[PDB]
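Engineer: Fold the stuff below for me.
(one chain, ligands or ions: 1)
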Amino acid sequence: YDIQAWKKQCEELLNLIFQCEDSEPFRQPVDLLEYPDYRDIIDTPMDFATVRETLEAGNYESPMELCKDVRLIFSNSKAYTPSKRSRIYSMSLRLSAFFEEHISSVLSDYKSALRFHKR
Ligand SMILES: O=C(NCC1=[SH]CCC1)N1CCN(C(=O)c2ccco2)CC1
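Structural biologist: Numbering: from 1, shown residues only. Shown next is the structure:
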């Protein structure tokens, strides 16, 4: 029932994501010389270094907020991809599945801890 445990759990999962080759494109921002229309399509860029920095700054209050930002990485990739068979989009879907598999217990444990706190 540790209300703070999610933060280290999210740090560890971000570490695992950074060790994944599939996270390569999503570790930093997109170069507009490489992808000059990217901000015409994507309103709110997001990447895993921004998520990690936000977490380490103490600027997430809950793992739900972190989860929303990570899901934005993946929805941006789906919005920007010209093809559902693109290399970078395909990397996003594997990484998304890995993320969702691991974040589910983090969310469940946090929400259970908050409920116990308010019992
Ligand atoms: O250039 C980057 N990231 C920087 C990189 S790529 C390798 C290392 C660092 N992008 C490309 C556009 N993005 C997509 O989601 C996408 C879907 C289809 C094609 O691109 C986001 C990631």
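
Engineer: Now do residue 94 against residue 77, distance only.
Structural biologist: Distance check for residue 94 against residue 77: by CB to CB, to the nearest Å, it reads 11 Å. All C-beta spots, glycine's among them, are computed from the backbone N, C-alpha and C.

Engineer: where's the closest residue to residue 30 other than its chain neighbours relative to residue 25, distance?
Structural biologist: Closest residue to residue 30 in three dimensions, ignoring its sequence neighbours and counting by CB to CB, 6 or more residues apart in numbering: residue 38, at 4.7 Å. In this view, residue 38 and residue 25 are 12 Å apart by CB to CB.

Engineer: what's the answer for residue 106, then?
Structural biologist: Relative to residue 25, and taking CB to CB, residue 106 is found at 24 Å.

Engineer: check contacts around residue 22.
Structural biologist: Applying CB atoms under 8 Å, 6 or more residues apart in numbering, we find residue 22 in contact with 91, 92, 94, 95, 98.

Engineer: Give me the distance from stretch 104-117 to the chain's centre.
Structural biologist: Relative to its chain's centre, stretch 104-117 lies at 19 Å (CA atoms, centre = their mean, to the nearest Å).

Engineer: Give me the contact list for that stretch.
Structural biologist: Applying CB under 8 Å, 6+ apart, the external contacts of stretch 104-117 come out as 1, 2, 3, 5, 6, 9, 10, 13, 62, 63, 64, 67.

Engineer: Now do the contacts for the most centrally placed residue in the chain.
Structural biologist: For the chain, the residue lying nearest the average C-alpha position, counting by CA atoms, centre = their mean, turns out to be residue 70 (1.9 Å). Applying CB under 8 Å, 6+ apart, we find residue 70 in contact with 46, 48, 51, 99, 103.
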